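Enquirer:
Residue numbers (PDB author numbering), protein chains in the order written: chain A, 883 to 945; chain B, 187 to 259; chain C, 341 to 437; chain D, 106 to 157; chain E, 533 to 581; chain F, 111 to 324; chain G, 50 to 146.
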């Protein structure tokens with residue numbers, strides 16, 4: 883439950899929050915695709931009708 | 187032969203952009219007093235939001251493989 | 341919204357870190373519209389910057405507004421001389437309080 | 106320097122001096138060429154101006 | 533938009549210069565060097581379709 | 111009208127039959143060299159030359175910038191072209207979508223090894239003597255080929271790879287074993303030309319003096 | 050456009066490296082002038098005429114340095130491909146992100 887305008891405490895505070903939460907979720911539950919430490923927030927999903935990975939990482943989430 | 191570089195530019199090994207054989211220092215430019223009031227750096231470091239370097243991703247990898255020998259910073 | 345397309349002005353930035361050198365005799369004292377001392381030049385000057393191994397020559401056309409002094413250290417990208425004229429970077433004049 | 110105009114060449118005498126006096130090294134030259142040493146060039150700007 | 537991006541990605545080419553090789557290709561080495569041309573011959577080069 | 115110089119294209123008011131000359135088609139000129147009779151058109155008696163604008167009857171001797179042979183030399187004819195592929199406008203249906211025409215700009219002439227035959231089992235080009243016919247400025251020059259082979263003067267002429275370079279100026283001769291791959295030459299200039307652009311782009315940053323890594 | 054695929058994350062919005070210095074230097078001149086404006090060195094119009102001009106010149110300098118940054122360091126950035134190819138997104142619109 884995040885109040886708006888959290889960039890007053892810090893600089894790029896929302897980035898810190900999102901990335902720290904993603905890393906904690908990837909570490910507590912061993913899912914190394916949640917926080918890829920080369921394009922954070924993105925992951926390489928596969929194709930449902932070819933079994934092939936889409937060439938570039940894709941942003942996924944639960945909106 | 188080819189310098190003390192071994193012309194690392196010719197090969198592509200890590201090497202400073204400037205030449206570490208001349209590196210002639212400055213020639214005592216105008217100091218703070220002899221400058222107009224617009225360029226003065228007012229002798230007391232001013233707080234600014236942009237005073238800490240941006241965290242960034244590649245600054246982590248560059249430091250990561252600098253220890254493993256793949257990078258010469 | 342709030343930001344549109346209009347006119348601009350021309351600025352000259354330093355090629356790199358160095359030491360501005362030129363003849364202070366050929367320019368004539370002035371006061372910029374921002375309230376700073378500067379130098380009008382009515383002729384083509386050649387302000388040189390000793391960037392250690394390089395000797396970048398900066399081309400200053402007449403009716404310029406050199407904002408730097410002699411033997412002054414300058415950073416990489418930083419305005420050192422206006423090119424031409426000034427004002428609010430548009431066509432014709434108004435009057436506001 | 107605001108009497109002349111917005112951005113014009115400064116040719117008025119006693120205005121070039123003000124522009125030239127912004128450099129402290131020039132103030133040192135001006136005072137030593139007149140003398141008075143230091144600690145007196147500072148105290149000569151507090152003098153009453155007008156009908157003495 | 534979408535078809536344009538597809539066609540742009542299709543016709544985008546390879547990586548021209550320093551983005552395709554870490555070291556300079558001048559690099560006098562890897563010649564399989566000896567007095568005769570009878571050495572190991574891999575020459576990966578590029579396909580010749 | 112001998113093989114003299116120096117930088118004068120002296121005009122000629124006499125039409126000369128070209129059925130005994132050599133037709134050397136170029137971009138901005140048309141050089142003419144006499145053709146002595148031979149079974150397979152392989153002799154070039156230089157002596158008298160004439161250069162004309164492309165397909166024009168007005169003749170004029172070219173500019174000689176180096177000594178030329180005074181004997182019968184059996185040599186080979188080369189060219190240096192670009193194949194401009196400009197795309198012309200389309201007026202009516204079925205109009206062409208592209209153009210193409212050669213832009214020969216330099217015609218090197220390489221002498222045979224002691225003027226041998228075309229079919230004899232001793233064919234070797236004599237790369238020492240090469241003559242350059244320019245087109246931008248009508249003139250004939252002798253090349254200045256260079257030999258890095260350790261054998262030097264005494265060597266086998268049955269294979270000495272010759273390398274030409276920028277704008278037909280550099281000239282080197284190398285052993286045919288150390289011939290560069292097609293990809294390596296392309297990648298070589300790409301690496302060199304793009305390393306300057308990257309360095310030029312990065313030069314404007316404040317930390318360029320204290321940096322590394324290319 | 051599918052097999053290759055493209056997406057917008059948080060680190061693909063690549064701010065140019067030199068913004069850290071330009072904004073800091075722009076703040077310094079705004080601090081000095083607003084400090085001299087209380088000393089009587091400059092008048093109100095000069096302060097107004099400059100606070101509009103640093104941030105306009107700085108903003109328009111980052112905008113013109115955006116594509117040269119993208120086209121040399123990260124030619125295949127998702128924001129760059131989306132706008133440089135002409136699919137969707139102005140140069141000005143990308144400048145906002």
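Even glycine gets a Cβ: it sits at the ideal position worked out from N, Cα and C.
Give the residues of chain F in contact with residue 121 (chain G), contact being defined as C-beta atoms less than 9 angstroms apart.
Expert: By one-based count along the seventh chain, residue 121 (chain G) stands at place 72. Near residue 121 (chain G) (Cβ distances below 9 angstroms), the residues of chain F are 307, 308, 311, 312.
Enquirer: Within 10 angstroms of the Cβ of residue 375 (chain C), are there 16 or more other Cβ atoms? Answer buried if so, exposed if not.
Expert: Sequence index remark: in the third chain, residue 375 (chain C) carries index 35 (1-based). Buried, because 16 or more other Cβ atoms sit within 10 Å of the Cβ of residue 375 (chain C).
Enquirer: According to a CB-to-CB cut-off of less than 9 angstroms, which residues of the segment 191-208 of chain B neighbour chain F?
Expert: Those residues of the segment 191-208 of chain B that come within reach of chain F (Cβ to Cβ, closer than 9 angstroms) are 195, 198, 200, 201, 202, 203, 204.
Enquirer: Taking all protein chains shown into account, decide if residue 939 (chain A) is buried (16 or more other Cβ within 10 angstroms of its Cβ) or exposed.
Expert: Residue numbering aside, residue 939 (chain A) sits at position 57 when the first chain is read from its first letter. With 16 or more other Cβ atoms within 10 Å, it is buried.
Enquirer: Could you check how far apart the C-beta atoms of residue 556 (chain E) and residue 301 (chain F) are, in whole angstroms? I think they sit under 8 angstroms.
Expert: For the purposes of this step, residue 556 (chain E) is taken as the residue at position 24 of the fifth chain. For the purposes of this step, residue 301 (chain F) is taken as the residue at position 191 of the sixth chain. About 6 angstroms separates the two Cβ atoms, so the contact holds.
Enquirer: Straight-line CA distance for residue 249 (chain F) to residue 208 (chain F)?
Expert: The count along the sixth chain starts at 1 and reaches residue 249 (chain F) at position 139. The count along the sixth chain starts at 1 and reaches residue 208 (chain F) at position 98. In a straight line, the C-alpha of residue 249 (chain F) is about 33 angstroms away from that of residue 208 (chain F).
Enquirer: Please go through the segment 151-219 of chain F and give each complete alpha helix (DSSP H) segment of 4 or more residues, from N-terminal end onward.
Expert: None, since the segment 151-219 of chain F contains no complete alpha helix (DSSP H) of that length.
Enquirer: Within 10 Å of its beta-carbon, does residue 219 (chain F) have 16 or more other beta-carbons around it, so buried, or fewer, so exposed?
Expert: Translated into positions along the sixth chain, residue 219 (chain F) becomes position 109. Buried: at least 16 other Cβ atoms inside 10 Å.
Enquirer: Can you tell me whether residue 225 (chain B) is buried or exposed? The criterion is at least 16 other CB atoms within 10 Å of its CB, across all chains shown.
Expert: As a working mapping, residue 225 (chain B) is identified with position 39 in the second chain. Residue 225 (chain B) is buried by the Cβ-count criterion.
Enquirer: Using the rule of at least 16 other Cβ atoms within 10 Å of the residue's Cβ for burial, across every protein chain shown, is residue 320 (chain F) buried or exposed?
Expert: Position 210 of the sixth chain holds residue 320 (chain F). Flag for residue 320 (chain F) reads exposed.
Enquirer: What does the Cβ neighbour count give for residue 62 (chain G), buried or exposed, with the cut at 16 atoms within 10 Å?
Expert: Here residue 62 (chain G) refers to the residue found at position 13 when the seventh chain is read from its first residue. Classification for residue 62 (chain G): exposed.
Enquirer: Would you say residue 257 (chain B) and residue 251 (chain B) are within 8 angstroms of each other, going by their C-beta atoms?
Expert: Here the question's residue 257 (chain B) lines up with position 71 in the second chain. Here the question's residue 251 (chain B) lines up with position 65 in the second chain. Yes, the pair counts as a contact, with Cβ atoms nearer than the cut-off.
Enquirer: Suppose the cutoff is 8 angstroms on Cβ atoms and the five residues either side in sequence are ignored; what does the same chain contact list for residue 224 (chain F) look like?
Expert: The residue given as residue 224 (chain F) occupies position 114 in the sixth chain. So the list reads 236, once near-sequence residues are dropped.
Enquirer: Do residue 373 (chain C) and residue 98 (chain G) have their C-beta atoms closer together than 8 angstroms?
Expert: One-based indexing of the third chain puts residue 373 (chain C) at position 33. One-based indexing of the seventh chain puts residue 98 (chain G) at position 49. Their beta carbons are under 8 angstroms apart, which means residue 373 (chain C) touches residue 98 (chain G) by this criterion.
Enquirer: Cβ of residue 893 (chain A) less than 8 angstroms from any chain B Cβ?
Expert: Counted from its first residue, the first chain places residue 893 (chain A) at position 11. Yes - at least one Cβ of chain B is within 8 angstroms of the one on residue 893 (chain A).
Enquirer: Is residue 357 (chain C) close to chain F? Criterion is C-beta to C-beta, closer than 8 angstroms.
Expert: The count along the third chain starts at 1 and reaches residue 357 (chain C) at position 17. Answer yes: the Cβ-Cβ gap between residue 357 (chain C) and chain F drops below 8 angstroms somewhere.
Enquirer: Using a Cβ-Cβ cut-off of 8 angstroms (strictly less than) and excluding sequence neighbours within five positions of residue 118 (chain F), which residues of its own chain qualify?
Expert: Here the question's residue 118 (chain F) lines up with position 8 in the sixth chain. For residue 118 (chain F), where only same-chain residues beyond five positions count, the Cβ hits under 8 angstroms are 173.
Enquirer: Hey, quick one: how far does the beta strand (DSSP E) through residue 251 (chain F) stretch, first residue to last?
Expert: Translated into positions along the sixth chain, residue 251 (chain F) becomes position 141. Its beta strand (DSSP E) spans residues 249-252.
Enquirer: Going along the chain, which residues of its own chain have a beta-carbon closer than 6 angstroms to the beta-carbon of residue 152 (chain F), five neighbours each way excluded?
Expert: Reading the sixth chain from its first residue, position 42 is the one you call residue 152 (chain F). Excluding positions up to five away in sequence, the list reads 184.
Enquirer: Just curious, the beta strand (DSSP E) that residue 361 (chain C) is in, first and last residue?
Expert: As a working note, residue 361 (chain C) is residue 21 in the third chain. Counting along the chain, the beta strand (DSSP E) containing residue 361 (chain C) begins and ends at 358-361.
Enquirer: Counting only beta-carbon separations shorter than 8 angstroms, does residue 188 (chain B) have a partner in chain F?
Expert: On the second chain, position 2 is the one that residue 188 (chain B) refers to. It does not; no Cβ of chain F falls within 8 angstroms.
Enquirer: Taking 8 angstroms as the cut-off, does the segment 135-154 of chain D touch the segment 384-402 of chain C (at least 3 CB pairs, one atom from each stretch)?
Expert: Flag = no, the segment 384-402 of chain C and the segment 135-154 of chain D do not touch.
Enquirer: Beta strand (DSSP E) containing residue 442 (chain C): first to last residue?
Expert: No answer is possible for residue 442 (chain C): the residues shown for chain C start at 341 and end at 437.
Enquirer: So, with DSSP's three-state summary, where would you put residue 152 (chain D)?
Expert: Here residue 152 (chain D) refers to the residue found at position 47 of the fourth chain. Residue 152 (chain D) falls in the coil class under three-state DSSP.
Enquirer: Please name the residue or residues paired with residue 368 (chain C) in a DSSP beta bridge.
Expert: Walking along the third chain from the start, residue 368 (chain C) turns up at place 28. Answer by DSSP bridge pairing, in chain order: C:380.
Enquirer: Among residues of its own chain, excluding the 5 on either side of residue 935 (chain A), which ones have a beta-carbon nearer than 6 angstroms to its beta-carbon?
Expert: Here residue 935 (chain A) refers to the residue found at position 53 of the first chain. Closer than 6 angstroms at the Cβ level, and outside the excluded window around residue 935 (chain A), lie 926, 928.
Enquirer: Helix, strand or coil for residue 570 (chain E), going by three-state DSSP, please let me know.
Expert: To locate residue 570 (chain E), count along the fifth chain from 1; it is residue 38. It is coil, neither helix nor strand.
Enquirer: Under the three-state reduction of DSSP, which class applies to residue 387 (chain C): helix, strand or coil?
Expert: The sequence position of residue 387 (chain C) within the third chain is 47, counting from 1. Three-state result, residue 387 (chain C): strand.
Enquirer: I'd like to know if residue 228 (chain B) contacts chain C, where contact means its C-beta is closer than 8 angstroms to some C-beta of that chain.
Expert: Numbered from its first residue, the second chain carries residue 228 (chain B) at position 42. Not an interface residue.
Enquirer: May I ask you to report which of helix, strand or coil DSSP gives residue 134 (chain F)?
Expert: One-based indexing of the sixth chain puts residue 134 (chain F) at position 24. Of the three classes helix, strand and coil, the one that applies to residue 134 (chain F) here is strand, per DSSP.
Enquirer: Of all the CB atoms in chain B, is at least one closer than 8 angstroms to the CB of residue 369 (chain C)?
Expert: Here the question's residue 369 (chain C) lines up with position 29 in the third chain. Not closer than 8 angstroms to any Cβ of chain B, the Cβ of residue 369 (chain C) fails to qualify, so no.
Enquirer: Is residue 240 (chain B) close to chain F, meaning its C-beta is less than 8 angstroms from at least one C-beta of that chain?
Expert: Locating residue 240 (chain B) in the second chain gives position 54, counting from the first residue. Cβ-Cβ to chain F under 8 angstroms: no for residue 240 (chain B).
Enquirer: Helix, strand or coil for residue 578 (chain E)? Go by DSSP, reduced to three states.
Expert: Locating residue 578 (chain E) in the fifth chain gives position 46, counting from the first residue. Coil, per DSSP.
Enquirer: By Cβ distance below 7 angstroms, which residues in the same chain neighbour residue 941 (chain A) in space, the five residues on each side in sequence not counted?
Expert: Residue mapping note: residue 941 (chain A) aligns to position 59 of the first chain, counting from 1. 923, 924.
Enquirer: If we cut at 8 angstroms on Cβ distances, does residue 222 (chain B) have a partner in chain C?
Expert: Here residue 222 (chain B) corresponds to residue number 36 of the second chain, with the count starting at 1. For residue 222 (chain B), the answer is yes, since a Cβ of chain C falls inside 8 angstroms of its Cβ.
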